[PDB]
Each structure stands twice: as structure tokens, then as C-alpha cells.
K.L.:
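First the structure, then my questions, so here it is.
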Amino acid sequence: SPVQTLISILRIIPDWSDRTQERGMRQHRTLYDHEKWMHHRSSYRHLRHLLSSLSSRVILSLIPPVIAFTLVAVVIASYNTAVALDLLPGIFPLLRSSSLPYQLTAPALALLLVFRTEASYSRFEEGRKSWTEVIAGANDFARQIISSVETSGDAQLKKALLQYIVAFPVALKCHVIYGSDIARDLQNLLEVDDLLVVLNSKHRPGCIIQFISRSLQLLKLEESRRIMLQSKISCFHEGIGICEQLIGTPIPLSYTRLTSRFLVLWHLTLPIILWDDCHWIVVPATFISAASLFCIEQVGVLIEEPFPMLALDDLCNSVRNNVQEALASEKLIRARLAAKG
Amino acid sequence: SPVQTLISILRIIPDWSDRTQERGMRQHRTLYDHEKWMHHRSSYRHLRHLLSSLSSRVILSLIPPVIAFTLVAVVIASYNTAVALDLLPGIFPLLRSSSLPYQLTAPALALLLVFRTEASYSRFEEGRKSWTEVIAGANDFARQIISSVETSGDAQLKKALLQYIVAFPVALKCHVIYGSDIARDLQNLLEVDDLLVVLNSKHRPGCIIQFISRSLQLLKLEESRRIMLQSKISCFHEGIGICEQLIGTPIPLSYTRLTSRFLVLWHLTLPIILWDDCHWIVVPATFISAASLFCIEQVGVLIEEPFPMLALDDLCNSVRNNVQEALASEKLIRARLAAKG
Amino acid sequence: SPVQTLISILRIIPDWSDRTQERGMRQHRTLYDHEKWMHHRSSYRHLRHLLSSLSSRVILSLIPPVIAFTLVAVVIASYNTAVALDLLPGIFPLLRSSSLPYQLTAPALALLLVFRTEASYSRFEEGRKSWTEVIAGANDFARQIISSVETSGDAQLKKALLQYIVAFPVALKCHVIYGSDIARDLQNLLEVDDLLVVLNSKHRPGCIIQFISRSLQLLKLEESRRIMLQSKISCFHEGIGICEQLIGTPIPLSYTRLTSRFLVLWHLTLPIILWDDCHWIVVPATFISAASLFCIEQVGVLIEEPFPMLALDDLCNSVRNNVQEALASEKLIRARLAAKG
Amino acid sequence: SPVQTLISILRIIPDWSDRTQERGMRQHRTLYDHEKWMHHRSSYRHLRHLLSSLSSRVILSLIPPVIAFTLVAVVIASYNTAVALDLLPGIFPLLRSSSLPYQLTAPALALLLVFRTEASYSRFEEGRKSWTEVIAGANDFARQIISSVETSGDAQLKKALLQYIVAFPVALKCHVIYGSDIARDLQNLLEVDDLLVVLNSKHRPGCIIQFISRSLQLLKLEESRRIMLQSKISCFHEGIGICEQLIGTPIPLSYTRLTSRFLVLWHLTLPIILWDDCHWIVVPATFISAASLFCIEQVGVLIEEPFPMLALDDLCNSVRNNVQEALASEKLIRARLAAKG
Amino acid sequence: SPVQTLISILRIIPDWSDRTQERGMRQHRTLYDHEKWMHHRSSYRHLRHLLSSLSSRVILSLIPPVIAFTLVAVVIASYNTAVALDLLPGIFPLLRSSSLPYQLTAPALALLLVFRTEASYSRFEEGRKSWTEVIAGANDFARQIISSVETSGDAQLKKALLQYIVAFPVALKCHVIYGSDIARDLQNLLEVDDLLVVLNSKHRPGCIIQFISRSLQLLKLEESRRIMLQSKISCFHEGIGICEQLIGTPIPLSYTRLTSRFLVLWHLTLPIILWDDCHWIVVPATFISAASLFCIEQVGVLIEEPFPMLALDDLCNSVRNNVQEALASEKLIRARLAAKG
């Protein structure tokens, strides 16, 4: 009760920040087109990024660490002022230091921070490339199935097989994104009895891969054609592997706890070394330093698991859009080439 | 009317800058040859880059942010001068600070700026490599079709198939470049009825891939030869995938808004920390700092979507030039090897 | 006895640190799920990393080098104080220097330290990717064996072959991790006579690869199917090769001894150059500098051989979990596709 | 005449520098062997690099920009001296400034310069790897042709085909190097009528690829063997693609004009900020700064198109040397294996 | 005689350093096991690297450049002392300067040095990966030959073919390492008449590749199996290509002479700029700066050609060890799988 009520009050802003950041990660994202790129590289982008700072998910996550160090600066400033006004006994010293130790270690701090954020950006690029390969693989496999499968007796199996290659990116998205309804997202993509088996499996992408591999065995193909055709599933297994490792295995905790601890120690004694040249300007100085330096580390932490920063619904809808345009256009391209003669 | 007329006047230079930069991105680009490389690595390149600065697209895009911070410096300088001349009441302080907080965070700013521009350059290299692979793939596929297809009954289909492999890089260019007339750029490359189906499809590169895949099924080939031959389409699907992701998915907005916000905050208080050592020299100092530092970020923003910085018309014309030289030379190489005996 | 007892006392803290770090490398690690990622990117992560510092394996390994340089600072401070109080003869000078040589070489030290840790992180990413490829390869091979092998006469051999593809990641983990009981970890995965041959071989992963390759020769397959099927073993040979080279071949000893020697020389004379601006504050300054800078190098040394920082038991159990879900679901997917007709 | 004669005199040193650098790019280069590596890592390498500075191609290209900024420093110094001696009217001020703006932007300049040179080095490594792949591909293709082709009726065609695989790296070198006589370099490698068709083609590497592909169609091979054999031409198409893109597409002109303009602005006002601490030492200081900083950018510009920095004649002669050693040794290896029995 | 005897005395320490470094590159290296990794990441590694500094090959190579700059500092200090004591005429000035030009260029020097050493480390990683691929390729090829070749009539040829795949890594090691006895290292690996042909060839790795390719043509295999089997030689051609290019083509001499010349100019005038703050402490300051900064460049120069820093004998013996364990275990795995039934 006496000390428990103090911790509960201090546990309000960080709880609000955690709720705000996590709700901001469920936001729907969209593929950039040309007119959105024009808006991106505009003269007003510097004004509009500054005025949208208070609604930014990254800025609102800095509120706990920036407030924490600003009160540390205010307490150091208050104590140093009390010593300067002789309001405390002579035994109490003035908390001041030379900036020279910090001038020797500043480049070490900057290189650690920016390299940690570069490691996070590398894992985002790995995610983006893996999804590029899965979507190009599904497009390539669907294109080849539309051309390869010809027999009138395999029409139902060909239709089923084209439904699973569209459904695989959706299942993989529902595997990598938290709180995703695969049943709703596959309702119009798989058959009612088709989807029941998929919903009953622990590994939904793997299960759909299994339906793909068994359809290729029941098709009436020459063995060379089937071997060529079942070589395209390895793309899906590779995609599952890369996507599961970015979720399972983060950047080593030693490497990221180093950046965390360095930044916390640097802002704890930053008002002490800055006292001689700044006096009460250590409060705004520590506020701006903590906001700037913790923002780099915050950006690194948010993109370290990158699948929520990708337009995976639009990437998945692109494969579905491509197979319809193709099955509609088949009639026309077939009549056009018949005419060449 | 009273405040609306002020915003309209302030919305003139950024509108002019946005119009100038966007018109400069439609410029026709050309592949470097040897004598253009000699001009590139000349002693006069430092003079000619400086004298062509006022016509540079990047420099004219810096005019809004550089003017904005130069008037901030002029207002801070005017206020500090009024305090120094005792033209304001004693309550009004002098806006001055120590440079020591900025000396600790300078390397963090420099590393963030230069790493952001390096991320943009990485996406340009990804674009350039993808186009390298698509053009080498189209050259390789065309070379193999000229050698593989022999039957006199497949001459029309072979000619048609060589027309689509030339047309695929042009369709992909017209997919990635804004305001591109595919109908005009494919007028002499595809047949009149051939192009109508392509113009009616939502995915023109995909449609041409579909015409390629169906021609390979109607060719009278051995199945091993056809499987070898239809393995070269995967290059085109990979090219489409990489090109669509560089347009759809930019560098995460957190990562680039960080660099934007850092630079805006750094130049807002830069005249305050520089006042003690510079006085009215904060105006030229802030002008040069804003011009130098915003130019790095501007270069990063312009090459982030890189397909307008590539000579995609010359890369596409190279594939067309190669297939003619080949179909002309076929007669000669065939007679030369017949003679070996 | 007189000097041997002094070395034994000085050999206590480093022995304790070496025991603590090595016991901390046998810790069981777990794949991150979604709610563990939420905990990772929390507002409290800066507080909880600081309060868990005294139990951190990296921090307890810094105790020997941080104590060593803190007593060096205390001895330099004591000597300089004795000179300032004229307690020593006039011949004895004051150990002071200018910081200007250190201000010119600080960025060289920071770039060396952070690049060494980046080299270590690159070897961790190489390890993580190699295990990604091995697990995706085993999943892909198992999926294809479940579909490819059909003959009722090859049921026993198919079951045996699926047991070795699950067992290969476990043997490779027991090859790369020290003090690993392969006999206990393969007790329920291979047959009793199957495991005796594996336990008698010097290269257990290689031996299991050999059982896989011989099963593929005894299967009643068409030669094209078998060639397609025995192309998936190359993944396992590549995995063995990459995993053995990260253990056998460290980062060149020149490159890492450079960072070691630089840091030792920099902290030996750091209290001498800092004396004029700090006086007795060289003790806390050297303590914090040694703790910060040796922590970067320590993080680099711990992840340089990275296989203990990976959840290799969970990655291995995922392949076993996937093949059961598959052999259970086979009955259902077969009845579902039979029904398409 | 009055102003034209001044520009002609100022256009002498840059013309001489451009002539010297361009003649130095036609120099014959040689593959390092072991005793040249011993000379490379010698104790005297620091003395011999300094004494060979005046004959260095990079140093003689710095003469125009280093002289230009040294006279700027001399003019600023002369003007500041005239003000200090009161030789000009009181209205004329002293051109001095604080170094603090330059101390905040120094790391930005250094990171831009060194990253630009790293981009140039990346394009050199891309060139070197592409030539590695082409030479290994030609060696691999020649080795397989010597083993695969057996029929006594295909001896003439086999000899012809081995002549084109040796000739392809020479044609690609003559495609990428300026002023290269392909007729002289292929005189002893192709037949007299063979070379006439190659000389008449606009794309000589492509033409030789076409002679290779047509020889493989006229060989009496099984179709599986021919498909295996014509899969090795893709290496040559990839080599042509990568080599043409490094010549056609430089590093984006925005990115390199940034480094150019930054360096020119930094050395223009460098004597003004250095006046208070240096006085006439701004002339040697600006001379050394311009020589050091423009040398980094110069190195970047010279290796940006890297094919003249490679020993392409020695790499091409290695493939020719390997096929002779092989066709000579064939008799011996055939008799050795016949004897195994 | 008068000036020749002075150069001979100055040519003693660099000759001794060159002899010591070159003898230290022939040292036998060993693959790290687990207990050597424990020794690597110990608390005593900072003490044991410092006490083994005088026997370090890199440190003894710094003796010529560190002594050279320390006498430069001593001469500058002696001259400045003579001026301060008025022992020279008034015309002779005091060699002093401001450190501000060096404070602006320090980060440029540090980034150049550390990036040059990173380029050297990249070439070491390329070498290490190439050897990883060659050893995994030889293991994979040997494993497949043991399974694929079955005919009792091909036992002698199968034994011969397994002897050449073990011998290829040894020949490639004897190709890349200077002063290597291939005759002694292949004495127990090839037949007496087998080795005579290999010793008579100019390209020993190529010759062994030729014996491998001819054995595959004389084996009684199905053509699909042989094509699968002769696809594994491309690994050996790739290995030869990458290994020959790292020896033939160093890092461009412009790029490394830049770092050399920068470091020599920086330490020549370093005692002049440090005189005002250090006086005779420029001698130890220049000694430590030259030792630290030239050590980074020295590490870069020693690993630039990396094949002596690899345990190539242990990597080669691992392939030989693996094929014996396999040919011994064949009997057992064959009886085990026969029993499954």
C-alpha cells in the first residue's frame, strides 16, 4: 500500500506507451504506387514529418525513457543549484565533471547505435526479399501449371492445384502475423472440405504444400515434366524457413542489451558532465539527446521482426489477381497463336 | 482571407521545387560509352559540377528547407542583436547555448544521414542488378531459341516467340516507369492483333510471359529440350517480382522519418548554439550546413525508387539489336560450320 | 611460496569469470513466439536490462579487465596526489599528459571495436542462415519422400528414410555443440541397430547422410525421380561444411589481437591524459570507459562461435513435428483429392 | 583575345593532367605471383610508395584541384595580411570565422568521401567476380567438351568449338577495353574465314556465343548430354550482361556530384575558418587537406569503371594455356585409365 | 663507400623484419576445436595477447616504420628545444602548428584505415568460403560416387576416382601455397604412374580434374546418372577460379597506396602539431600513434592474400578421413538396410 501505490502510478505511462505501440503494429499497410512516391519525395515532407510527430508510434514509445532522464537532469540541476546557493551543508559537493571522457567515447556510442539499427534493417531486407521470392515463385508456378496441364480429365485437379498456389502466400501471412483469421482469409480461396483439413493442421503453410505435392503426383504428366513442375515447391519450403527464423531467432540479446545499457548509462551522467557549460540547459539538452538517441534504438527494435511493416495482404492479393487475369486471357492467347499457323 | 493568403504565398517555392524535381525525373538517360567515361574522370569535373549546381535537380529541391532555416537563423540573430542593444525589456533573455551537446551528437547525425543514403544506393544497385539479369536472360533465351527451333513448320511460331522475348523488357519498363505509352513502344515489336490482347491485360509483362509459355507448348520439341527451354521464363518472373517490390515497398517510414526529424531539429537550434562563437555568421553557417546536410538526405530520397535513373530504353533497345544481328548472321555461321565438315 | 601465493590470489576472479561464462553457454534457448516479441519491444526493456546487468554473462566476464584498469587508475591517482602534496622527492614528476593525441585516435578505436563486433555478428548470421537452409532442406526432402515413394514393398525403407532425415539435424547439432549426448537425443528417432552404426562412426552427420544415400539406391524409383530425389542431400553436405568452418576457422587472430592490444594500451594511459581535467574522477571515468569499451569486444568474442546462441533443439524438434503432422494428414489429403475426381 | 588568352593558360595543367591519367589507363597489367606478394607486404613499401608519388597517376590528377585551392588560400592570406597592416580602407573587414561549424560537419564529409570510394570498390569487386565466373566457366566448358565429344566424325567441329571457347574471353576483353584490336588478338585463335564473320558483327562476344551454340546443335550427341552441354553458355551471357552494365550505368551522378560539391565548398572556406589559429600556415594546411581529401575521391573515380585495372590479357591467356595442356595430356590420362582395367 | 655504408646500416632492421614476417607465414595452422575456443574467450586473453606482443609477427613488422617516425619526432623535438634555448640564430623558427587541421581530418584517416582492413578481411572471407565450398563439394562427390557406382567390373575405376577426389584439395593447396611439395603430399594418395602425369602438368588441379572427368566417361552408367555425376566437377573449376583470382588480383594499388601515403604524411607532421600541448611527450605520443595506426594497416596487408592463414592441411585431411570412414562403414549400412526388407 505505501510503496505499492508509487509503483502503480509509475507503471501508467509505460503501460499506455506499450498499448499504443502494439495497436499501431496491427495497422493495414498498402503497396506504394507512383503518385504516393511523388508525395514521398516532396518539399513538404520535412514539415509534414515534424507536424505528424505527436501521432508517430516511435515518438510515443520514447515518452517513458525521455521523461525518466529529464527528471534525472532536473534532480541533478536542483541539487547543484542548492549547493550553489549554500542551502545544504558544506559536506555535500557539486555534481560536476569534465566532458573529456564523453568526447572520447561519443563516436563509440554513435557507431554502436547506428550499426544496431542497420542490423535491424538487414533483417527487414531479408524478410522483404523472402516475400519477393515466395510471390515470384507462386506467380511462376501458377503460370507453368496453366501452360503444362492440358488433359481434359485433369481439369478439376488443375483448378484445385491453382487454388492451393494462390492460398499458400495467404497461409504463410497468417503464420507470420499475430491474430490473423486464416479461416476468413481462405474462405473464398479453398473448398469447404479443402479448408477443414488445413484448419485442423498445426502447420497451415506446410499442409497446403502437402496438397500441392499430392496433386502433382495424381496429374497425368510425363515424369520429366512432373520433376520440372515439383522443383517449384522448394521455393515455398525456403520461404517458410526464412520467415520462421526471423520470428524464432532475434538479433543476439548480448548485442542489443549492449546498446540498451550504453544509452542508459550515457544519459544518467550526461547532466553531470554538461553542468559546467550548460547549468539549467541540461534539462532541455538531456531531453533532446534522449529523444534523438533513444529514437534510433527504438526504430531498430520496431523493425527487428519486420513482417508487420510489409503489405503482405496486397502482395497476397497480387498473386490471386495474376492467376484470374491469366485463366481469363488463356482463351485469347490460344486463339491468337492457333492463328499464326 | 487574412491567414489563407499568407499560406498561399509560402506554398509557391515548395510547389515550384516539386514541379521542377518531378519534370527532371522524366529526362531521357543514356548508357555511358568510353568517351563519356573520359569526360567523367576529368580534371574539370570539380569546376563543371560547381557551375552546373544552379540547374541541378537536387540543389533546386533544397531551396524550401534551406530558406526555411536561414530565416530561422536571421530571426534568432535579430532577436539576439535586439537584446545586445537593450531594445527589448530586461525580462527577454539572449538565446545562446553551449555547443558541447552538439559536439557529442554530431557523429550520430553524420552516421544516420550517410547510412540512409547508403540504404537508398543499395535499392538502386538491386534495381540495376535485376535489370542486368532480365536483359541477360532475354539475350540468353533469344540465343537458345534461334539455335533450338529448327522445324520448317515452326517458322511462324519461332518468329512470334522471338518478337515476345524482345517485347518483354519493353513491357516491364512501361510497368515500372510512370506515364509510359506501351502501345507506342510495342507498335513495331508485336503484331496488331498480338498487341490488342497485351493492351487489354492489367499485367502486361505477365501477359507477354503467358504468350511466351504457350508458344513453347505448341512448338514441336522433344520434352527434355522444351523443359530446358521453359526454365528461362523464371528469370522474367523474378524480374517482375524484384521490380514490383522496389516500387511497392519503400525503406521503412520509421527509418527515413528519423533522419528527416533529426535534421529538422538540428538546424532549428543550430543558430542558438553557434551564436557565441559566430554572431551574424550563423546565417551563412546555417545556410551552408542546411544545404550540405539536406543535400545528402535529398540524394537518398531521389534514388530510393531507382528505375527513372536507369537507361531502360537503351537496355531494351540492346536486346532488340542483338536478336536482329543474330537472325542476320545465322545464314553465315551455318555456312561456316557446314564447311568444317 | 612468496611470489606463487600472490599469483594464486590474482588467479581467483578470472577463474570465477571463466567458470561463470562457460556455464552460461550451456543454457537452453527457445525460439521467440509473438508474445515474447511483445516483451522484447516494451517500454520497460531499458529498466529490466539495467537491473539484470549483475546476472548478465557478458558483464560478469568484464570483472577482471575492469578491476585491473581501475587499480591502474587508483595507483596513478595516488602517485599524482603524493607529488601534489610533496610527499615524494622533487625528482619524481607528475604523470600528466595532453588529451590531444587521444582526441585524434578516438574514432580509430571506436571504428576498430565496432567493426570487430560486426565481423562476429556476420559469423552469427552465417550460422543462422546455414541452419535455416538445413532445416528447410530437411522439411523439403521429407515432404518429397512422403509424396514420391508409393510402392507398398518400400514401406519399411520409406519409414527408415524418413527417420534418418529427422535424425540428421539432431546429429549435426550434436556435432557443433560441446558435451552433447547423440545417443540420448537419437534414442526415439533411430532403430536400436540403426543407432549402433551411427554411434561407431567418427562423423555422425556424414554417417546418417550415407544411410540416406544408400536407401535412395535401394528404392524402386525411375532414374529421373531418384536423381531429383538424391539432389537434396547436397544441402546436408553444405550444412556440414559451413558448420565445421565456423568452428574450425575463427576470425584471423591478427585482426582480433589488434582490438585486444589497442584497448589494453588505451586504458593503461587513459588516467594519465585525463588527470588534468578530472583528478580523482579518473577512477570512475576509467571504470566506466573500461566497462563500456571492453563490453563491445566481449560481445564480439562470445558470438564469434555462434551455435550455442541458437535454439538448435527447437529448430530440430520443428522438423520432427512437421514429418508426423504430414504422415498423419496423408490419409486425409489423399481422400480429399481422390474426391475431386 | 584579352580574356581568351587567360582561359587558354589556365587550360594547360588540367589538359596535361587529363592526358597523363588517360595514357596511364592503357598500361599493361600482370597477375601477382608469390614473389610479387612478398614485395607487396615489405617493410620498404611505406618508403617506396612515398618516393613513387610524383610518378603516380592519381597524384598527378590532383594537381589542378590542389593548385586551385592553394591560390585561394594565398589570396585569402594576402587579403587578411593587408587588413592586419592597414593597407586597405577600414571598410574592408578581416575574412575570419569560427571552426565550430566545420568541427560539427567533419564526420559527415569523411563518411561521404569514404563511402563513395567504397561504392567504387564494390563495382571493382563486381567486375573482378564477373571475370572470375567467365574464366572458370570457359575452363569448365572446355574441360567438359574435351571429355564429352568422342565421335571421330566430330573431330573438326570439336576443334572449332574449343577454338571459340578460348576466343570468347578475348572478344569480351576487346568489348570492355577501349582501343583494342580484336583482329590482332584473335589472329592465331580463330580461322581466317571464322574471324571474318566475327569482325563483321556489331556484338563480337554475342557472335562467338552464336558459333558456340550452333556447333553444339551439329554435334552427334544424346539430347540429355547436349542439354547439359548448352547449359554452360548462360555463364557467357551473364558475363556479357554484368560487363556491359558496369560500363553503361555508372554510380548515380547525384551521389558522386554530392561528394564533388561538398569537397569544393569545404576547401573554398577552409582558409577562412583556419585563419585565427594558423595565419600563413593556411596555405600548407589547405595544400595538404586538398591533396589528402581529393586523393580519396580521385581513387574512387579511377576504379569506378574497373576493367582497365584487371589483368584481362593474363586471365584470357590462362584459358588458352589450360586447353593446350589438356589436349596434350588427353593421350596420357586415356592410357593411364585404360591400364586400371 | 661514404654514403653506401649508411644505406647498408639503415637496410638491416627492415631486412630482419621482412625475413621474420615471411618465415612466420609458413607456420602450420590447426582447426579450432571446443577446448581451444574456451581458451580463446578467456579472461586472461587480454593479458596473454599483451605479453605475447614481442613474439607477434605483426608487431615485429612495425619496427621499421615506428622507429623511422620516432627519430623524426626526436629530431623535431631537438630542433624546437635548441630554438627555445637560443642555441641557433634568430632566423631559425620554432616548428609548431595548430592541431585544428588534424582535428578536421582525423575521422577521414580512421575511416580509410579501418575500411582498408575491412577490404582485406572481405578477401579472407572469400577465400574461406571458397575452401568451404571445395571441401563440401569433394565430400558430396565422394559420398555420391560410393552410392552411385555399383558394377563389380568398375571396382578399380571407382577406387581410382575416389583417390582423385581426395587428391584434388591437396593439389589446390599446393597450387595456392608457396614452396609446397605436391609429390610428397600426393605420395600415399595417388598411384606411382598416376602421380607422374600429375607432376608433369603445369596446372596440377586442372590435371586431376581431367582424370576425374575421363573416369566418369569410362564408367558403365546410365546417361542421366552420369550427367548428374559430372555436374559436381563445376565446384572444382569454381574453386580453382576463386583461388587463382585472390592470388592474381590484389586490392587496387591506388586504394592501398592511398592509405600508405596518408599514414606516412600524418606521422611526419604529427610531432609539429603536437608540440604546443606535449613538448618532449611527442616522442612517446608519435611512437604509440605510429604503433597503433600502422598495426591496423599491417593487419590489412598480411590477410590480403589469405591462403596461409587457413588450416588447408587439416581441411584436406578431413576429406581423406571422411572417404575412409565411408568405405569402411559401407559394409555395415548395406547389411543394415538389407535387413529392413
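To find a chain, count down the sequence lines: A is the first, B the second, and so on, and within it residues start at 1.
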K.L.:
Please look at E:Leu246 and chain D and tell me whether the side chain, the backbone, both or neither of the residue comes under 4.5 angstrom of a heavy atom of that chain.
P.N.:
both

K.L.:
Go through E:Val197, E:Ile240, E:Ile247 and name the one with the most non-hydrogen pairs under 4.5 angstrom from chain D.
P.N.:
E:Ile247

K.L.:
With a 4.5 angstrom heavy-atom cut-off, could you sort out which part of D:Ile296 is near chain E: side chain, backbone, both or neither?
P.N.:
both

K.L.:
Using a strict cut-off of less than 4.0 Å between a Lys/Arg side-chain nitrogen and an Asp/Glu carboxylate oxygen, indicate whether E:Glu133 and E:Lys129 qualify as a salt bridge.
P.N.:
no

K.L.:
Quick check on D:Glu330 against chain E: is it the side chain, the backbone, both or neither that has a heavy atom closer than 4.5 Å?
P.N.:
both

K.L.:
Between D:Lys36 and chain E, with a heavy-atom cut-off of 4.5 Å, which part of the residue counts as in contact: side chain, backbone, both or neither?
P.N.:
neither

K.L.:
Could you measure the distance from the CD atom of D:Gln103 to the CG atom of E:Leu100? Nearest 0.5 Å is fine.
P.N.:
6.0 Å

K.L.:
With a 4.5 angstrom heavy-atom cut-off, is it the side chain or the backbone of E:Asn200 that approaches chain D, or both, or neither?
P.N.:
backbone

K.L.:
Would E:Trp266 and E:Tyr102 count as a close aromatic pair, with their ring centres under 6.0 Å?
P.N.:
yes

K.L.:
With a 4.5 angstrom heavy-atom cut-off, could you sort out which part of D:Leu270 is near chain E: side chain, backbone, both or neither?
P.N.:
side chain

K.L.:
Ignoring hydrogens, what is the shortest heavy-atom contact between D:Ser120 and D:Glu304? Give both atom names and the distance.
P.N.:
OG-CB, 4.1 Å

K.L.:
With a 4.5 angstrom heavy-atom cut-off, could you sort out which part of D:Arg29 is near chain E: side chain, backbone, both or neither?
P.N.:
neither

K.L.:
Give a yes or no on whether D:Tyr44 atom OH has more than 12 heavy-atom contacts from other residues, nucleotides or ligands under 6.0 Å away.
P.N.:
yes

K.L.:
What part of E:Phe307 is in contact with chain D, defined as an atom under 4.5 angstrom from a non-hydrogen atom: side chain, backbone, both or neither?
P.N.:
neither

K.L.:
Of the listed residues (E:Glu22, E:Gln230, E:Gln210, E:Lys202), which shares the most heavy-atom pairs with chain D below a 4.5 Å separation?
P.N.:
E:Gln210

K.L.:
At a heavy-atom separation under 4.5 Å, does D:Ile303 approach chain E through its side chain, its backbone, both, or neither?
P.N.:
side chain

K.L.:
For D:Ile281, is it the side chain, the backbone, both, or neither that has a heavy atom closer than 4.5 Å to a heavy atom of chain E?
P.N.:
side chain

K.L.:
Of the backbone (N, CA, C, O) and the side chain (C-beta and beyond), which part of D:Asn139 lies under 4.5 Å from a heavy atom of chain E, both, or neither?
P.N.:
both

K.L.:
Hey, which of E:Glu238, E:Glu297, E:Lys159, E:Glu118 has the most heavy atom pairs under 4.5 Å with chain D?
P.N.:
E:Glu297

K.L.:
Return the option, out of E:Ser215, E:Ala110, E:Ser97, E:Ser99, with the maximum number of heavy-atom pairs under 4.5 Å with chain D.
P.N.:
E:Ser215

K.L.:
Using non-hydrogen atoms only, which part of E:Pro64 is less than 4.5 Å away from chain D: side chain, backbone, both, or neither?
P.N.:
side chain

K.L.:
Please determine, among E:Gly241, E:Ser201, E:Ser213, the option with the most heavy-atom pairs under 4.5 Å with chain D.
P.N.:
E:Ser213

K.L.:
Check each atom of E:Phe211 against the heavy atoms of chain D and say whether the ones under 4.5 Å are side chain, backbone, both or neither.
P.N.:
both

K.L.:
Which bit of D:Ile227 is near chain E, if near means a heavy-atom gap under 4.5 Å: side chain, backbone, both or neither?
P.N.:
neither

K.L.:
Salt bridge or not between E:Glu191 and D:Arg336? Use side-chain N to carboxylate O under 4.0 Å.
P.N.:
no

K.L.:
Heavy-atom cut-off 4.5 Å, strictly under: side chain, backbone, both or neither for E:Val114 against chain D?
P.N.:
neither

K.L.:
Give the member of E:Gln217, E:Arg226, E:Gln245, E:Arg214 that has the highest number of heavy-atom pairs under 4.5 Å with chain D.
P.N.:
E:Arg214

K.L.:
Counting only heavy atoms not in E:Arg11, do more than 12 sit closer than 6.0 Å to its CZ atom?
P.N.:
no

